[PDB]
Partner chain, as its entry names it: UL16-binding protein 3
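Okay, so here's just one chain, in structure tokens, the form deposited without the partner chain.
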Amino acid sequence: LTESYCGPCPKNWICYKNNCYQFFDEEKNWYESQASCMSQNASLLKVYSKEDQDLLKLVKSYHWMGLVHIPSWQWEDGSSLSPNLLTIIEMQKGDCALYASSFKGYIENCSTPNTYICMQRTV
């Protein structure tokens, strides 16, 4: 119940535990979605902590996140996917993944248009 601040974030972004999130409903393929986040000084959603990002339990439908398959799964920044964070489930043949609740990743062709989530970290 103790009060603190959250951010810094741009005003039009949701802030939660010092990460900034923005939802985009205009459907784009994975690459176009990544480019859109980058144009906003951001990246596609990166899942690094179930506790610090527990708001993702409330995220419904299916959205691009920054997770890609190198033919291991890894993020845009080049870091690998930590274990016990996401359950990765096959769906459509492809090398990208859609976030869905709760902490699931559905494999999807990178060229399929989807909604997407951008995230900015503050540290």
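Numbering follows the first chain given and starts at 1.
What comes next is about the form deposited with the partner chain bound, which does not appear here.
- Not displayed here, the partner chain is kept clear of residue 77 by more than 4.5 Å at the level of heavy atoms in the bound PDB entry.
- In the bound PDB entry, the partner chain stays beyond 4.5 Å of every heavy atom belonging to residue 47.
- The partner is not shown here, but in the bound PDB entry the stretch 89-115 reaches within 4.5 angstroms of the partner chain through a heavy atom at 89, 90, 91, 102, 104, 106, 107, 108.
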